[PDB]
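Visitor: Take a look at input_35.txt, compact mmCIF, N, CA, C and O atoms:
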```txt
# COMPACT_ATOMS: atom_id res chain seq x y z
N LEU A 253 -13.30 22.42 -49.66
CA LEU A 253 -12.02 23.03 -49.34
C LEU A 253 -11.06 22.77 -50.50
O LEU A 253 -10.91 21.62 -50.94
N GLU A 254 -10.42 23.83 -50.98
CA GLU A 254 -9.48 23.77 -52.09
C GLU A 254 -8.19 24.47 -51.69
O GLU A 254 -8.20 25.66 -51.37
N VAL A 255 -7.09 23.72 -51.71
CA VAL A 255 -5.76 24.25 -51.41
C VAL A 255 -4.79 23.70 -52.44
O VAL A 255 -4.70 22.48 -52.63
N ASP A 256 -4.06 24.60 -53.10
CA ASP A 256 -2.86 24.28 -53.88
C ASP A 256 -3.08 23.12 -54.85
O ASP A 256 -2.26 22.20 -54.94
N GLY A 257 -4.19 23.16 -55.57
CA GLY A 257 -4.50 22.17 -56.57
C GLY A 257 -5.15 20.89 -56.09
O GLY A 257 -5.44 20.02 -56.93
N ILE A 258 -5.37 20.72 -54.79
CA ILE A 258 -6.15 19.60 -54.27
C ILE A 258 -7.42 20.13 -53.63
O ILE A 258 -7.38 21.09 -52.85
N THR A 259 -8.55 19.51 -53.96
CA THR A 259 -9.87 19.97 -53.56
C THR A 259 -10.69 18.80 -53.04
O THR A 259 -10.56 17.67 -53.52
N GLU A 260 -11.54 19.07 -52.05
CA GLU A 260 -12.45 18.08 -51.50
C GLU A 260 -13.79 18.72 -51.20
O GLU A 260 -13.86 19.88 -50.78
N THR A 261 -14.86 17.96 -51.44
CA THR A 261 -16.23 18.35 -51.12
C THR A 261 -16.95 17.21 -50.43
O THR A 261 -16.85 16.06 -50.84
N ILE A 262 -17.68 17.55 -49.36
CA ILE A 262 -18.44 16.58 -48.58
C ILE A 262 -19.80 17.19 -48.29
O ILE A 262 -19.91 18.36 -47.92
N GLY A 263 -20.85 16.38 -48.47
CA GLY A 263 -22.19 16.74 -48.04
C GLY A 263 -22.82 15.76 -47.06
O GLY A 263 -23.17 14.64 -47.42
N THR A 264 -22.97 16.20 -45.81
CA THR A 264 -23.41 15.34 -44.73
C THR A 264 -24.92 15.13 -44.79
O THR A 264 -25.65 15.83 -45.49
N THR A 265 -25.39 14.13 -44.04
CA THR A 265 -26.82 13.96 -43.82
C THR A 265 -27.42 15.07 -42.97
O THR A 265 -28.65 15.20 -42.94
N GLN A 266 -26.61 15.86 -42.28
CA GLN A 266 -27.14 16.98 -41.51
C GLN A 266 -27.88 17.95 -42.43
O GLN A 266 -27.49 18.18 -43.57
N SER A 267 -28.97 18.50 -41.91
CA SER A 267 -29.71 19.53 -42.62
C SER A 267 -30.45 20.38 -41.61
O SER A 267 -30.62 19.99 -40.45
N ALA A 268 -30.89 21.55 -42.06
CA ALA A 268 -31.70 22.43 -41.22
C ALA A 268 -32.96 21.73 -40.73
O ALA A 268 -33.40 21.95 -39.60
N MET A 269 -33.57 20.89 -41.58
CA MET A 269 -34.82 20.25 -41.22
C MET A 269 -34.65 18.95 -40.43
O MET A 269 -35.54 18.59 -39.66
N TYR A 270 -33.53 18.24 -40.60
CA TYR A 270 -33.36 16.95 -39.96
C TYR A 270 -31.90 16.73 -39.58
O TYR A 270 -30.99 17.15 -40.29
N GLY A 271 -31.71 16.07 -38.43
CA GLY A 271 -30.38 15.80 -37.93
C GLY A 271 -29.72 14.62 -38.63
O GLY A 271 -30.35 13.84 -39.34
N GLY A 272 -28.41 14.52 -38.41
CA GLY A 272 -27.61 13.57 -39.16
C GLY A 272 -28.00 12.12 -38.95
O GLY A 272 -27.91 11.31 -39.88
N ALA A 273 -28.46 11.77 -37.75
CA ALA A 273 -28.92 10.42 -37.44
C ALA A 273 -30.43 10.24 -37.57
O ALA A 273 -30.94 9.17 -37.22
N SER A 274 -31.14 11.25 -38.06
CA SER A 274 -32.60 11.21 -38.08
C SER A 274 -33.14 9.99 -38.84
O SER A 274 -34.18 9.43 -38.46
N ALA A 275 -32.44 9.57 -39.89
CA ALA A 275 -32.86 8.38 -40.63
C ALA A 275 -32.84 7.13 -39.77
O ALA A 275 -33.78 6.33 -39.79
N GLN A 276 -31.77 6.94 -38.99
CA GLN A 276 -31.70 5.78 -38.10
C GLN A 276 -32.78 5.83 -37.02
O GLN A 276 -33.46 4.83 -36.77
N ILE A 277 -32.96 6.99 -36.38
CA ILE A 277 -33.99 7.13 -35.36
C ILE A 277 -35.37 6.83 -35.94
O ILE A 277 -36.16 6.08 -35.35
N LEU A 278 -35.68 7.40 -37.10
CA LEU A 278 -37.00 7.21 -37.70
C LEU A 278 -37.26 5.76 -38.10
O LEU A 278 -38.41 5.30 -38.03
N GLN A 279 -36.23 5.03 -38.51
CA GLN A 279 -36.38 3.60 -38.74
C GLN A 279 -36.54 2.82 -37.43
O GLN A 279 -37.30 1.86 -37.37
N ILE A 280 -35.82 3.22 -36.38
CA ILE A 280 -36.02 2.62 -35.07
C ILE A 280 -37.46 2.79 -34.59
O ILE A 280 -38.06 1.85 -34.05
N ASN A 281 -38.04 3.97 -34.78
CA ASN A 281 -39.45 4.17 -34.44
C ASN A 281 -40.36 3.23 -35.22
O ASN A 281 -41.27 2.62 -34.65
N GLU A 282 -40.13 3.10 -36.53
CA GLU A 282 -40.96 2.23 -37.35
C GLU A 282 -40.95 0.79 -36.84
O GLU A 282 -41.97 0.10 -36.88
N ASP A 283 -39.80 0.32 -36.37
CA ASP A 283 -39.71 -1.03 -35.81
C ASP A 283 -40.34 -1.11 -34.42
O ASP A 283 -41.08 -2.05 -34.12
N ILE A 284 -40.03 -0.14 -33.55
CA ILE A 284 -40.60 -0.13 -32.20
C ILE A 284 -42.12 -0.12 -32.23
O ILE A 284 -42.77 -0.83 -31.45
N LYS A 285 -42.73 0.69 -33.11
CA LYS A 285 -44.19 0.71 -33.17
C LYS A 285 -44.76 -0.66 -33.52
O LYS A 285 -45.70 -1.13 -32.86
N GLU A 286 -44.21 -1.31 -34.53
CA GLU A 286 -44.65 -2.66 -34.86
C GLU A 286 -44.39 -3.61 -33.70
O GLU A 286 -45.26 -4.39 -33.30
N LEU A 287 -43.18 -3.53 -33.14
CA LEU A 287 -42.78 -4.39 -32.05
C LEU A 287 -43.66 -4.20 -30.82
O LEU A 287 -44.04 -5.17 -30.15
N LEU A 288 -43.99 -2.94 -30.50
CA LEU A 288 -44.77 -2.63 -29.31
C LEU A 288 -46.25 -2.94 -29.48
O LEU A 288 -46.88 -3.46 -28.55
N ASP A 289 -46.82 -2.61 -30.64
CA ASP A 289 -48.22 -2.95 -30.90
C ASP A 289 -48.45 -4.46 -30.85
O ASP A 289 -49.44 -4.92 -30.27
N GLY A 290 -47.55 -5.23 -31.45
CA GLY A 290 -47.67 -6.68 -31.39
C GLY A 290 -47.56 -7.23 -29.98
O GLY A 290 -48.28 -8.15 -29.61
N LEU A 291 -46.65 -6.67 -29.18
CA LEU A 291 -46.45 -7.18 -27.82
C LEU A 291 -47.62 -6.84 -26.91
O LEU A 291 -47.94 -7.62 -26.00
N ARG A 292 -48.26 -5.68 -27.10
CA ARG A 292 -49.45 -5.35 -26.31
C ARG A 292 -50.53 -6.41 -26.44
O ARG A 292 -51.32 -6.62 -25.51
N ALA A 293 -50.59 -7.10 -27.59
CA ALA A 293 -51.54 -8.19 -27.77
C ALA A 293 -51.21 -9.40 -26.91
O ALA A 293 -52.09 -10.24 -26.69
N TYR A 294 -49.98 -9.51 -26.42
CA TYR A 294 -49.62 -10.58 -25.50
C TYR A 294 -50.16 -10.34 -24.10
O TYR A 294 -50.48 -11.30 -23.38
N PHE A 295 -50.28 -9.07 -23.69
CA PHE A 295 -50.78 -8.70 -22.37
C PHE A 295 -52.26 -8.32 -22.41
O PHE A 295 -53.01 -8.68 -21.49
N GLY A 296 -52.67 -7.60 -23.44
CA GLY A 296 -54.05 -7.17 -23.60
C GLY A 296 -54.41 -5.90 -22.85
O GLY A 296 -53.64 -5.33 -22.08
N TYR A 297 -55.63 -5.45 -23.12
CA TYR A 297 -56.19 -4.25 -22.51
C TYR A 297 -56.52 -4.46 -21.04
O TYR A 297 -56.69 -5.59 -20.56
N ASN A 298 -56.61 -3.34 -20.33
CA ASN A 298 -56.90 -3.31 -18.90
C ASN A 298 -58.36 -2.95 -18.68
O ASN A 298 -58.90 -2.06 -19.35
N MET A 299 -58.99 -3.63 -17.73
CA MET A 299 -60.39 -3.42 -17.39
C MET A 299 -60.55 -3.35 -15.88
O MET A 299 -59.86 -4.06 -15.15
N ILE A 300 -61.45 -2.48 -15.43
CA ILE A 300 -61.82 -2.39 -14.03
C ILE A 300 -63.32 -2.10 -13.93
O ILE A 300 -63.85 -1.28 -14.68
N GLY A 301 -63.98 -2.80 -13.02
CA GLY A 301 -65.40 -2.58 -12.80
C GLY A 301 -65.67 -1.26 -12.10
O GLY A 301 -64.81 -0.66 -11.46
N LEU A 302 -66.92 -0.81 -12.24
CA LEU A 302 -67.37 0.44 -11.65
C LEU A 302 -68.88 0.43 -11.45
O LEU A 302 -69.41 1.20 -10.65
N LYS B 196 25.26 -18.99 -89.37
CA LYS B 196 24.65 -18.77 -90.67
C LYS B 196 24.55 -17.30 -91.04
O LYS B 196 24.43 -16.98 -92.22
N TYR B 197 24.59 -16.41 -90.05
CA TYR B 197 24.38 -14.98 -90.27
C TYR B 197 25.63 -14.19 -89.94
O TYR B 197 25.57 -13.17 -89.25
N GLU B 198 26.78 -14.66 -90.43
CA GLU B 198 28.05 -14.03 -90.07
C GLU B 198 28.11 -12.58 -90.53
O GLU B 198 28.55 -11.71 -89.78
N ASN B 199 27.68 -12.30 -91.76
CA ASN B 199 27.75 -10.97 -92.34
C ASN B 199 26.37 -10.47 -92.78
O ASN B 199 26.26 -9.65 -93.69
N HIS B 200 25.32 -10.96 -92.14
CA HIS B 200 23.96 -10.50 -92.40
C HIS B 200 23.59 -9.38 -91.43
O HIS B 200 24.23 -9.18 -90.40
N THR B 201 22.53 -8.66 -91.78
CA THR B 201 21.90 -7.71 -90.86
C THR B 201 20.76 -8.38 -90.12
O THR B 201 20.17 -9.36 -90.57
N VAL B 202 20.45 -7.83 -88.94
CA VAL B 202 19.37 -8.34 -88.10
C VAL B 202 18.60 -7.17 -87.51
O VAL B 202 19.19 -6.18 -87.09
N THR B 203 17.27 -7.29 -87.49
CA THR B 203 16.40 -6.27 -86.94
C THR B 203 15.36 -6.91 -86.03
O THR B 203 14.96 -8.06 -86.24
N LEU B 204 14.91 -6.16 -85.03
CA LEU B 204 14.03 -6.69 -83.99
C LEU B 204 12.97 -5.67 -83.61
O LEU B 204 13.25 -4.48 -83.49
N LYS B 205 11.75 -6.16 -83.43
CA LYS B 205 10.68 -5.44 -82.74
C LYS B 205 10.54 -5.99 -81.32
O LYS B 205 10.25 -7.17 -81.14
N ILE B 206 10.73 -5.12 -80.33
CA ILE B 206 11.00 -5.53 -78.96
C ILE B 206 10.06 -4.80 -78.01
O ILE B 206 9.68 -3.65 -78.24
N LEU B 207 9.68 -5.49 -76.94
CA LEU B 207 8.89 -4.95 -75.85
C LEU B 207 9.75 -4.81 -74.60
O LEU B 207 10.45 -5.75 -74.21
N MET B 208 9.70 -3.63 -73.97
CA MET B 208 10.48 -3.34 -72.78
C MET B 208 9.61 -2.67 -71.72
O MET B 208 8.64 -1.98 -72.04
N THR B 209 9.98 -2.89 -70.47
CA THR B 209 9.27 -2.30 -69.34
C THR B 209 9.37 -0.79 -69.34
O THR B 209 10.42 -0.21 -69.63
N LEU B 210 8.25 -0.15 -69.01
CA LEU B 210 8.22 1.30 -68.82
C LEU B 210 9.02 1.71 -67.59
O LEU B 210 8.98 1.05 -66.55
N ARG B 211 9.76 2.80 -67.72
CA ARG B 211 10.63 3.31 -66.67
C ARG B 211 10.64 4.83 -66.69
O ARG B 211 10.40 5.46 -67.72
N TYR B 212 10.94 5.41 -65.53
CA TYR B 212 10.93 6.86 -65.36
C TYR B 212 11.97 7.27 -64.33
O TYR B 212 12.36 6.48 -63.46
N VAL B 213 12.43 8.51 -64.45
CA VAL B 213 13.24 9.17 -63.43
C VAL B 213 12.64 10.52 -63.10
O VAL B 213 11.99 11.16 -63.93
N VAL B 214 12.88 10.97 -61.87
CA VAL B 214 12.35 12.24 -61.37
C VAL B 214 13.28 13.36 -61.82
O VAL B 214 14.38 13.52 -61.28
N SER B 215 12.83 14.15 -62.80
CA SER B 215 13.63 15.24 -63.33
C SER B 215 13.32 16.58 -62.67
O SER B 215 14.11 17.52 -62.78
N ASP B 216 12.19 16.68 -61.97
CA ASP B 216 11.90 17.80 -61.10
C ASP B 216 10.80 17.39 -60.13
O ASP B 216 9.99 16.51 -60.43
N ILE B 217 10.78 18.05 -58.97
CA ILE B 217 9.71 17.90 -57.99
C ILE B 217 8.92 19.19 -57.93
O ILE B 217 9.49 20.28 -57.75
N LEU B 218 7.60 19.08 -58.09
CA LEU B 218 6.73 20.19 -58.45
C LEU B 218 5.55 20.21 -57.48
O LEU B 218 5.04 19.15 -57.10
N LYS B 219 5.10 21.41 -57.10
CA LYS B 219 4.15 21.58 -56.00
C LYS B 219 4.52 20.68 -54.81
O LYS B 219 3.73 19.89 -54.30
N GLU B 220 5.78 20.83 -54.41
CA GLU B 220 6.55 19.77 -53.75
C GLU B 220 5.96 19.36 -52.40
O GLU B 220 5.99 18.17 -52.06
N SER B 221 5.45 20.31 -51.62
CA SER B 221 4.89 19.98 -50.31
C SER B 221 3.56 20.67 -50.06
O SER B 221 3.41 21.87 -50.30
N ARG B 222 2.61 19.89 -49.55
CA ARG B 222 1.29 20.34 -49.14
C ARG B 222 0.97 19.71 -47.79
O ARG B 222 1.30 18.54 -47.56
N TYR B 223 0.34 20.47 -46.90
CA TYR B 223 0.37 20.20 -45.47
C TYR B 223 -1.02 20.32 -44.86
O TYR B 223 -1.88 21.04 -45.37
N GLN B 224 -1.22 19.60 -43.75
CA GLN B 224 -2.45 19.70 -42.97
C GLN B 224 -2.15 19.42 -41.51
O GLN B 224 -1.61 18.36 -41.18
N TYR B 225 -2.50 20.36 -40.62
CA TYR B 225 -2.62 20.07 -39.19
C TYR B 225 -3.95 19.36 -38.92
O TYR B 225 -4.96 19.99 -38.59
N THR B 226 -3.95 18.04 -39.09
CA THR B 226 -5.11 17.23 -38.73
C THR B 226 -5.29 17.17 -37.22
O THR B 226 -4.37 16.77 -36.49
N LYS B 227 -6.46 17.60 -36.74
CA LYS B 227 -6.74 17.71 -35.31
C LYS B 227 -8.04 17.00 -34.93
O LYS B 227 -8.17 16.48 -33.82
N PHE B 228 -9.01 16.98 -35.85
CA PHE B 228 -10.29 16.33 -35.58
C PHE B 228 -10.11 14.84 -35.30
O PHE B 228 -9.47 14.12 -36.07
N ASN B 229 -10.69 14.40 -34.18
CA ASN B 229 -10.71 12.99 -33.79
C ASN B 229 -9.31 12.45 -33.56
O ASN B 229 -8.98 11.33 -33.94
N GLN B 230 -8.47 13.27 -32.93
CA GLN B 230 -7.10 12.95 -32.57
C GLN B 230 -6.88 13.34 -31.12
O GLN B 230 -7.49 14.30 -30.64
N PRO B 231 -6.02 12.62 -30.39
CA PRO B 231 -5.66 13.10 -29.05
C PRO B 231 -5.02 14.48 -29.08
O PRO B 231 -5.22 15.27 -28.15
N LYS B 232 -4.25 14.78 -30.12
CA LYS B 232 -3.53 16.04 -30.21
C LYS B 232 -3.29 16.36 -31.68
O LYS B 232 -3.46 15.51 -32.56
N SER B 233 -2.90 17.60 -31.93
CA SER B 233 -2.58 18.05 -33.28
C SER B 233 -1.49 17.19 -33.91
O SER B 233 -0.48 16.86 -33.27
N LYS B 234 -1.71 16.81 -35.17
CA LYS B 234 -0.80 15.96 -35.93
C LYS B 234 -0.52 16.62 -37.28
O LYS B 234 -1.41 17.23 -37.87
N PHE B 235 0.71 16.49 -37.75
CA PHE B 235 1.14 17.03 -39.04
C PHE B 235 1.28 15.91 -40.06
O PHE B 235 1.99 14.93 -39.82
N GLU B 236 0.59 16.06 -41.20
CA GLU B 236 0.60 15.08 -42.28
C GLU B 236 1.00 15.75 -43.59
O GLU B 236 0.44 16.78 -43.97
N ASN B 237 1.98 15.15 -44.28
CA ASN B 237 2.44 15.60 -45.59
C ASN B 237 1.56 15.02 -46.70
O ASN B 237 1.52 13.80 -46.89
N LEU B 238 0.87 15.89 -47.42
CA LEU B 238 0.01 15.49 -48.53
C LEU B 238 0.83 15.22 -49.80
O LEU B 238 2.01 15.55 -49.88
N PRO B 239 0.21 14.59 -50.81
CA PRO B 239 0.96 14.10 -51.97
C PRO B 239 1.80 15.14 -52.69
O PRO B 239 1.35 16.27 -52.94
N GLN B 240 3.03 14.75 -53.03
CA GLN B 240 3.86 15.48 -53.97
C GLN B 240 3.42 15.23 -55.41
O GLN B 240 2.84 14.19 -55.72
N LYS B 241 3.70 16.19 -56.29
CA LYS B 241 3.62 16.00 -57.73
C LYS B 241 5.02 15.92 -58.33
O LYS B 241 5.86 16.78 -58.04
N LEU B 242 5.26 14.90 -59.15
CA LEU B 242 6.56 14.65 -59.77
C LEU B 242 6.48 14.86 -61.28
O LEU B 242 5.52 14.41 -61.92
N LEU B 243 7.48 15.53 -61.85
CA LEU B 243 7.66 15.60 -63.30
C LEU B 243 8.68 14.55 -63.73
O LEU B 243 9.89 14.74 -63.59
N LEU B 244 8.18 13.44 -64.25
CA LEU B 244 8.97 12.27 -64.61
C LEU B 244 9.54 12.35 -66.02
O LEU B 244 8.96 12.99 -66.91
```
Show me this structure written as structure tokens.
Guide:
Amino acid sequence: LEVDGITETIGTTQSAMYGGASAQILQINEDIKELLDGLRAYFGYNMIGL
Amino acid sequence: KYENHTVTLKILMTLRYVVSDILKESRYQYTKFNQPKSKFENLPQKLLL
């Protein structure tokens, strides 16, 4: 935006391919996967006879 | 000792200015985003000192 000799330009993280918070979400997933895979080892797999 | 002598000096003084004209005097914005209501803000003046 340019008015009367003062101008400003901004480029957001928003894009057609990815949303503005997509970086935070994708890092949250990276942590949750590690966090969840490790915790499953505390409980272990499920077994039932047949 | 210097009753009828001349004297000369190299001197340092503070910078000073006066406003001799106000130029592009007012610039305005109705800022509304992330406000309870429309607000009027005066953007910077340019001064010819």
Visitor: Write out as a PyMOL selection string each polymer residue whose atoms come within 7 Å of residue 235 of chain B, counting only N, CA, C and O atoms; drop sequence neighbours fewer than 4 positions from it.
Guide: chain B and resi 223-226
Visitor: For the selection just defined, write its residues with N, CA, C and O atoms to a file, as an mmCIF file, in the frame of the given file.
Guide:
```cif
data_model
loop_
_atom_site.group_PDB
_atom_site.id
_atom_site.type_symbol
_atom_site.label_atom_id
_atom_site.label_comp_id
_atom_site.auth_asym_id
_atom_site.auth_seq_id
_atom_site.Cartn_x
_atom_site.Cartn_y
_atom_site.Cartn_z
ATOM 1 N N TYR B 223 0.340 20.470 -46.900
ATOM 2 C CA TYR B 223 0.370 20.200 -45.470
ATOM 3 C C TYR B 223 -1.020 20.320 -44.860
ATOM 4 O O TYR B 223 -1.880 21.040 -45.370
ATOM 5 N N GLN B 224 -1.220 19.600 -43.750
ATOM 6 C CA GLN B 224 -2.450 19.700 -42.970
ATOM 7 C C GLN B 224 -2.150 19.420 -41.510
ATOM 8 O O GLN B 224 -1.610 18.360 -41.180
ATOM 9 N N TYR B 225 -2.500 20.360 -40.620
ATOM 10 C CA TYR B 225 -2.620 20.070 -39.190
ATOM 11 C C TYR B 225 -3.950 19.360 -38.920
ATOM 12 O O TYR B 225 -4.960 19.990 -38.590
ATOM 13 N N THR B 226 -3.950 18.040 -39.090
ATOM 14 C CA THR B 226 -5.110 17.230 -38.730
ATOM 15 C C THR B 226 -5.290 17.170 -37.220
ATOM 16 O O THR B 226 -4.370 16.770 -36.490
#
```
Visitor: Residues near segment 213-221 of chain B, anyone? I mean within 6 Å using all atoms listed in the file, not counting same-chain ones fewer than 4 positions away, as a PyMOL selection string.
Guide: chain B and resi 238-244
Visitor: Have a look at atom O of residue 282 of chain A and atom CA of residue 266 of chain A and let me know their distance in Å, one decimal.
Guide: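 Those two atoms sit 22.9 Å apart.
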Visitor: Per residue of chain A within 9 Å of chain B, record the nearest atom pair and its distance in Å to one decimal, counting only C-alpha atoms, with rows in chain order and ascending residue number, as JSON lines.
Guide:
```
{"residue": "A:255", "atom": "CA", "partner": "B:222", "partner_atom": "CA", "distance": 8.4}
{"residue": "A:256", "atom": "CA", "partner": "B:222", "partner_atom": "CA", "distance": 7.4}
{"residue": "A:257", "atom": "CA", "partner": "B:219", "partner_atom": "CA", "distance": 8.7}
```
Visitor: What is the atom C of residue 237 of chain B-atom N of residue 210 of chain B distance in Å, reported with one decimal?
Guide: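 Answer for the atom C of residue 237 of chain B to atom N of residue 210 of chain B separation: 27.8 Å.
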Visitor: Write down as a list in words the residues of chain B whose backbone DSSP state falls under strand (DSSP E).
Guide: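 Of chain B, only residues 216, 217, 218, 222, 223, 224, 225, 226, 234, 235, 236, 237, 238, 241, 242 and 243 of chain B fall in strand (DSSP E).
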Visitor: Could the residues in this selection be written to a file with N, CA, C and O atoms, as a CSV table (one decimal), in the coordinates of the input?
Guide:
```
chain,number,residue,atom,x,y,z
B,216,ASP,N,12.2,16.7,-62.0
B,216,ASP,CA,11.9,17.8,-61.1
B,216,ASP,C,10.8,17.4,-60.1
B,216,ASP,O,10.0,16.5,-60.4
B,217,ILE,N,10.8,18.0,-59.0
B,217,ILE,CA,9.7,17.9,-58.0
B,217,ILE,C,8.9,19.2,-57.9
B,217,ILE,O,9.5,20.3,-57.8
B,218,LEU,N,7.6,19.1,-58.1
B,218,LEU,CA,6.7,20.2,-58.4
B,218,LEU,C,5.6,20.2,-57.5
B,218,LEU,O,5.0,19.2,-57.1
B,222,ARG,N,2.6,19.9,-49.6
B,222,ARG,CA,1.3,20.3,-49.1
B,222,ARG,C,1.0,19.7,-47.8
B,222,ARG,O,1.3,18.5,-47.6
B,223,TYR,N,0.3,20.5,-46.9
B,223,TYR,CA,0.4,20.2,-45.5
B,223,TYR,C,-1.0,20.3,-44.9
B,223,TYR,O,-1.9,21.0,-45.4
B,224,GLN,N,-1.2,19.6,-43.8
B,224,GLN,CA,-2.4,19.7,-43.0
B,224,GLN,C,-2.2,19.4,-41.5
B,224,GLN,O,-1.6,18.4,-41.2
B,225,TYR,N,-2.5,20.4,-40.6
B,225,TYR,CA,-2.6,20.1,-39.2
B,225,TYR,C,-4.0,19.4,-38.9
B,225,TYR,O,-5.0,20.0,-38.6
B,226,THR,N,-4.0,18.0,-39.1
B,226,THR,CA,-5.1,17.2,-38.7
B,226,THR,C,-5.3,17.2,-37.2
B,226,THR,O,-4.4,16.8,-36.5
B,234,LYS,N,-1.7,16.8,-35.2
B,234,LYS,CA,-0.8,16.0,-35.9
B,234,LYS,C,-0.5,16.6,-37.3
B,234,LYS,O,-1.4,17.2,-37.9
B,235,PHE,N,0.7,16.5,-37.8
B,235,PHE,CA,1.1,17.0,-39.0
B,235,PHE,C,1.3,15.9,-40.1
B,235,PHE,O,2.0,14.9,-39.8
B,236,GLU,N,0.6,16.1,-41.2
B,236,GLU,CA,0.6,15.1,-42.3
B,236,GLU,C,1.0,15.8,-43.6
B,236,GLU,O,0.4,16.8,-44.0
B,237,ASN,N,2.0,15.2,-44.3
B,237,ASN,CA,2.4,15.6,-45.6
B,237,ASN,C,1.6,15.0,-46.7
B,237,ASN,O,1.5,13.8,-46.9
B,238,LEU,N,0.9,15.9,-47.4
B,238,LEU,CA,0.0,15.5,-48.5
B,238,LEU,C,0.8,15.2,-49.8
B,238,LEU,O,2.0,15.6,-49.9
B,241,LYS,N,3.7,16.2,-56.3
B,241,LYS,CA,3.6,16.0,-57.7
B,241,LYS,C,5.0,15.9,-58.3
B,241,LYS,O,5.9,16.8,-58.0
B,242,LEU,N,5.3,14.9,-59.2
B,242,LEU,CA,6.6,14.6,-59.8
B,242,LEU,C,6.5,14.9,-61.3
B,242,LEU,O,5.5,14.4,-61.9
B,243,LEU,N,7.5,15.5,-61.8
B,243,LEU,CA,7.7,15.6,-63.3
B,243,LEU,C,8.7,14.6,-63.7
B,243,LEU,O,9.9,14.7,-63.6
```
Visitor: Grab the atom C of residue 278 of chain A to atom CA of residue 296 of chain A distance for me, in Å with one decimal place.
Guide: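 The value is 25.7 Å.
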Visitor: Edge lengths and centre in Å to one decimal, as lines of an AutoDock Vina configuration file, is what I'm after for the box along x, y and z that holds all listed atoms of segment 264-281 of chain A once 5 Å is added on each side.
Guide:
```
center_x = -32.1
center_y = 12.1
center_z = -39.9
size_x = 28.3
size_y = 30.6
size_z = 21.8
```
